[PDB]
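As structure tokens, one chain now follows by itself in the form solved without its partner chain.
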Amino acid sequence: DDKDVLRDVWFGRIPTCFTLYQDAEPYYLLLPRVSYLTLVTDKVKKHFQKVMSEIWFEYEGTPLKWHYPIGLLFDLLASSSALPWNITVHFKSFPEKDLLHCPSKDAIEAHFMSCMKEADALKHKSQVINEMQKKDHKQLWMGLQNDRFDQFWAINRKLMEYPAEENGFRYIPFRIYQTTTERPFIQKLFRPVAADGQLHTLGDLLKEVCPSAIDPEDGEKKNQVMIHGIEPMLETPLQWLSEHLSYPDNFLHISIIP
């Protein structure tokens, strides 16, 4: 059952329509929620370069931060709009102040590994990721790049373990995003267990780090709290969410929508 959740999360898709910025037929693809725009759009680039970081993407006038996972961008920015997601493709006037350059897939690999290392520092003080052989780091990357669930999780499983005498990771890797992508996200140190060893819930996390999301009168959700396009109950244990609903980068990226 829980393994089924890992698979369902891994194979999440956003149907997307790419239209070339005016200054060419629109192009349609199922994009993996868990990956990155600049990693999965070779076909788009191929399609449009036949009529003319450098390519960049835009939603309703706002440049899309490719280093945020696709599913997170969609949930935060477009989940209230009808599918397919309408993205505009640009090849000129790169927004130098707004977007990180992405000159090659190596840049994406570096960002991804950087996120994984920060997550393991939070979870295990880097012990797991540092004890792996270098080729294991490569296998994690190639698992994502080639959309190979088995290949990725043969290694990722190790990052989801924790000591026998514990009931979860040291701290949970999460980031909470509100309204837009340019607003800094919320990220704090938060332990998955309480001082008495009880498991903290999603509600506990929000009460502590984003209480504006909670109705003070009854303690229930006030805003929409979205993870991978679904809305877990507040009483969902945080450790379980970290193990099963994290992105490949080992983070729980969470959208708050008014």
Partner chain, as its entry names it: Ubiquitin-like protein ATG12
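Residue numbers count along the first chain shown, from 1. Under this definition, the rigid core comprises the largest set of C-alpha atoms superposing within 1.5 Å between the forms.
FYI, the form solved in complex with its partner chain isn't displayed, but the following is about it.
Using a 4.5 Å heavy atom cutoff, 118, 175 and 189 all lie near its partner chain in the bound PDB entry. Its partner chain is not drawn, but in the bound PDB entry it has a heavy atom within 4.5 Å of residue 111. At the 4.5 Å threshold, heavy atoms of residue 122 reach its partner chain in the bound PDB entry. Residue 57 falls outside the set of residues with a heavy atom inside 4.5 Å of its partner chain in the bound PDB entry. Not displayed here, its partner chain is kept clear of residue 200 by more than 4.5 Å at the level of heavy atoms in the bound PDB entry.
Distance criterion of 4.5 Å from any heavy atom to its partner chain in the bound PDB entry singles out 126 from the list 167, 126, 179, 151. Taking its partner chain as positioned in the bound PDB entry, the residues of 47-70 that bring a heavy atom within 4.5 Å of it are, in sequence order, 67, 68.
Superposing the two forms on their core leaves just one of 130, 180, 93, 104 with a Cα displacement of at least 2 Å between this form and the one not shown, namely 180.
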